[PDB]
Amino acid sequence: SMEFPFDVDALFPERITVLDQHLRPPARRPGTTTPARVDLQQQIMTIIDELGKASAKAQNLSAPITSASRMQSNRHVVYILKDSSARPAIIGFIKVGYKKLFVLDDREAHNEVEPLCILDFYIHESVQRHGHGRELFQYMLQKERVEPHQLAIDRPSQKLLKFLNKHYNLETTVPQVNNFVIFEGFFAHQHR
């Protein structure tokens, strides 16, 4: 299980914490002496760096695709799952963002579009296949106000393909040259 040299429960009061390019420390309930926000932001940056590294090891990548730096220079949104009732905290994350994609269609019509993309997604190995990925995915869909078949996925893994099929009945449609994956229903003339 993952761990940091600072109080993650204080930093992240909610079970799922949303962060964007501002990397803004969550507000806390009044009363406690809160560290300086600059220092809280460095804690968040270290968490994102380490989560990105862990995801890269899980995915057999030579370099992370998620980092604090890349958060600050992009318009990515990360959702970080803690357990507040852990004994004796951070479980994983999902990172999304809108991307311009020059997408190939199936009747062969081809074009541009900017869907919300699933960019990185990781649940710690020890608690994979327990339902944490689904909780995190569900929360992200609700906040982004997106439906599953509207997504594009950047280079999904085998585990993720199975996940998407199980939870959302997502079936792949036309392969795409750009290595993003889209599903039946992505195009308006498709069903589901």
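Between two forms, the rigid core is the largest collection of C-alphas that superpose within 1.5 Å. A residue's number is simply how far along the shown sequence it sits, counting from 1.
The rigid core fit leaves 106-114 as the farther-lying stretch in 5 other deposited structures of this protein, judged by Cα positions and set against 72-80 and 106-114. In the other compared entries of this protein that model both flanking residues, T33 lacks coordinates in at least a third of them. Modelling of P88 is missing from a third or more of the other compared entries in which both of its neighbours are modelled. Count the deposited residues lacking coordinates between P88 and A89 and you get 4 to 9 of them. Mean C-alpha B-factor is higher over 7-15 than over the other stretch, the pair under comparison being 176-184 and 7-15. Comparing the deposited coordinates for 27-35 and 127-135, the stretch with the larger average C-alpha B-factor is 27-35. Among the modelled residues of its chain, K95 has a C-alpha B-factor that falls in the lowest third, as given in the PDB entry. In this PDB entry, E114 carries a Cα temperature factor that places it within the middle third of its chain's modelled residues. When the modelled residues of the chain are ordered by their C-alpha B factor, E144 lands in the middle third.
Residue-level temperature factors show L104 in the highest third of its chain, judged at the C-alpha atom.
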